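Okay, so here's just one chain, in structure tokens, the form deposited in one PDB entry.
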């Protein structure tokens, strides 16, 4: 009932060292070769540095090591941003210059830069004979260049081109990241001293803010006590709750295409808010994993029904606004969550 059953699900979700080892060896080979090709010659992307992000590098990837996220980030000095129609997250970017090939009268085209980035990667991937690796068909309005690796087992790698700016963060984030009562003001001041990132979303010239680096730090430094989850401190169940929520969404999403609008970033955003609401490490005791997961489920259901889930970093941006996800989709997911909740999570046994 309480602690158990969910501990059994977590056992299923745990990655195996052997799988991790084989997956990481291939992924690192491909990524380091693509990073090297970016440094060659008159490449506009010379200087890009690598930044590993997403669930695998936060240690909340579940089931298999089959999806990796890596940012190829390019420091770009004197830039001026114009917010795209008070949306908070989307921007136009303006200013001998290797990026002039993508300029458009002051304005740096996102899809032109991404196309050349994409073109380079496809070419370098053709020269790989070690590995069975190809490039996925492009999704319109997607920042990523996704590699598909057959190791025999299947592995996705989303390479995200990112602009790196070191100025202070855009005003729309000033009230975001409300970690003052949880990680504190010094951590917040230091995190906002780090660069911010822009990824390719006036349709084709817009960029979107990314905070994958800040999210990575928070996930690996998630406690009010510095010793949380350390070898001389107490274990918490924050990440374990994130895993169970991720797994509930993944299971439901591979069954019902009604849920196409939903994604793991909604789960990640919601639990960041829960962690803020419940800052104390004792509110995430491993013994109370059932209650901790249940109160996360209830908070997510409230967000669905009230149609309100604010971006953790950009408070005026509501990821559940009617313009992004239709009410019926949200009602559909509310019922499937409430059902799983009241019937012993039968979907955790599925497959």
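Residue numbers count along the first chain shown, from 1. Between two forms, the rigid core is the largest collection of C-alphas that superpose within 1.5 Å.
A.B. asks: With residue 95 and residue 96 adjacent in the shown sequence, let me know how many deposited residues between them lack coordinates: none, 1 to 3, 4 to 9, or 10 or more.
C.D. replies: In the deposited sequence, 4 to 9 residues between these two have no coordinates.
A.B. asks: Pick one of none, 1 to 3, 4 to 9 or 10 or more for the number of deposited-sequence residues not modelled between residue 201 and residue 202.
C.D. replies: Unresolved stretch here: 4 to 9 residues.
A.B. asks: Higher average CA B factor in the deposited record is what I'm after, so tell me if that's 34-42 or 310-318.
C.D. replies: Looking at the record's C-alpha B-factors, the answer is 34-42.
A.B. asks: Quick check: 99-107 versus 221-229, which has the larger average CA B-factor in the record?
C.D. replies: Mean C-alpha B-factor is greater for 99-107.
A.B. asks: For the C-alpha B-factor as written in the entry, point me to the maximum among 158, 138, 194, 240.
C.D. replies: The record points to 138.
A.B. asks: From 208, 78, 268, 235, pick the one with the largest CA B-factor in the entry?
C.D. replies: Result of the comparison over 208, 78, 268, 235: 78.
A.B. asks: Per the entry's values, where does residue 287 land by CA temperature factor relative to the rest of its chain, in the lowest, middle or highest third?
C.D. replies: CA B-factor rank for residue 287: highest third.
A.B. asks: For the chain shown, is the CA B-factor of residue 85 in the lowest, middle or highest third of its modelled residues?
C.D. replies: For residue 85, the deposited C-alpha B-factor lands in the highest third.
A.B. asks: Can you tell me which third, lowest, middle or highest, the CA B-factor of residue 258 falls into for its chain?
C.D. replies: Tercile = middle for this residue's CA B-factor.
A.B. asks: Lowest, middle or highest third of the chain for the C-alpha temperature factor of residue 323?
C.D. replies: CA B-factor rank for residue 323: highest third.
A.B. asks: Split the chain's modelled residues into thirds by Cα B-factor; is residue 215 in the lowest, middle or highest one?
C.D. replies: Lowest third.
The same protein also has a form deposited in another entry, omitted here; what follows describes it.
A.B. asks: Which residue of 278, 240, 124, 164 is the mover here, meaning its C-alpha shifts by 2 Å or more between this form and the one not shown once both are aligned on the rigid core?
C.D. replies: Looking at each option in turn, only one qualifies, and it is 124.
A.B. asks: Once the core is aligned, please say if the CA of residue 323 is shifted by at least 2 angstroms between this form and the one not shown.
C.D. replies: Not so; residue 323 is displaced by less than 2 Å.
A.B. asks: Superposing on the rigid core, does the Cα of residue 150 end up 2 Å or more away between this form and the one not shown?
C.D. replies: Moves: yes, 2 Å or greater.
A.B. asks: Would the C-alpha of residue 137 be classed as shifted by 2 Å or more between this form and the one not shown after rigid-core alignment?
C.D. replies: It does, since the residue 137 C-alpha is displaced 2 Å or more between this form and the one not shown after the core fit.
A.B. asks: Taking the shown form as the reference, report whether the CA atoms of residue 239 and residue 17 lie closer or farther apart in the other entry; the distance changes by 3 angstroms or more.
C.D. replies: Closer in the other entry, by 3 Å or more.
A.B. asks: Mind checking the CA-CA distance of residue 210 and residue 141 in the other entry? It differs by 3 Å or more from this form, so is it closer or farther?
C.D. replies: Compared with this form, residue 210 and residue 141 lie farther apart in the other entry.
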